[PDB]
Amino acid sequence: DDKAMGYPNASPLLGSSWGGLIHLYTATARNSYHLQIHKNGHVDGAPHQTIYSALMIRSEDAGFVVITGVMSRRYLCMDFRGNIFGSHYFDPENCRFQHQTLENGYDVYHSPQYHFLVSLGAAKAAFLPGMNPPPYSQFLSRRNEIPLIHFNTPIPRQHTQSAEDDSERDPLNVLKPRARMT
């Protein structure tokens, strides 16, 4: 019999296994930070890999990529002033950037509708064919080293279940009603 095994393939790669998330590294000689997106849509620098800095890179058009914060459920969007933030809703006119690798091996992302380079700093400059890049604009995709167990936020807050009272007749909670009837 001929049988059908398969075709050549080399299985997954950079991440934990198929955790294809990467952290965007940035270095400006003096300092060094990672691109982080908080739960409220604030972008700042994280010196080490955090859960809010985990980004998923997924290309869309012919050469354009999509940067999504996998923990905050927010997309990286740029406005007309050049700022960047996080929005829970996708928009191909603002939350879409073009990627290109320079000669020094660093990746640069800029908006096709605003020409502003995605920069961690306040230097929201345009792009030039190999002139002077603004600071905090040259990124480097670094593999993820965080286990996927820490990527789900907890929930048992429950502030003041019964306060202190200093007279609790049932401290070990032996009496537990179940909320019945209506």
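Numbering starts at 1 and runs along the sequence shown.
Engineer: Taking the mean of the C-alpha B-factors per stretch from the entry, tell me the winner out of 63-71 and 128-136.
Structural biologist: Comparing 63-71 with 128-136, the higher average CA B-factor belongs to 128-136.
Engineer: Using only the Cα atoms and their B-factors as the entry lists them, report which of 159-167 and 18-26 averages higher.
Structural biologist: It is 159-167 that shows the higher mean C-alpha B-factor.
Engineer: If you check the C-alpha B-factor for each of 31, 153, 119, 53 in the entry, which is highest?
Structural biologist: It is 153.
Engineer: Is residue 148 in the lowest, middle or highest third of its chain when residues are ranked by C-alpha B-factor?
Structural biologist: Highest third - that is where residue 148 ends up once the chain's C-alpha B-factors are sorted.
Engineer: What third of the chain, by the recorded C-alpha B-factor, contains residue 174?
Structural biologist: Lowest third - that is where residue 174 ends up once the chain's C-alpha B-factors are sorted.
Engineer: Compare the C-alpha B factor of residue 111 with those of the other modelled residues in its chain, then answer lowest, middle or highest third.
Structural biologist: Its C-alpha B-factor belongs to the lowest third of this chain's values.
Engineer: Name the third of the chain's ranked CA B-factors that contains residue 92, choosing lowest, middle or highest.
Structural biologist: Its C-alpha B-factor belongs to the middle third of this chain's values.
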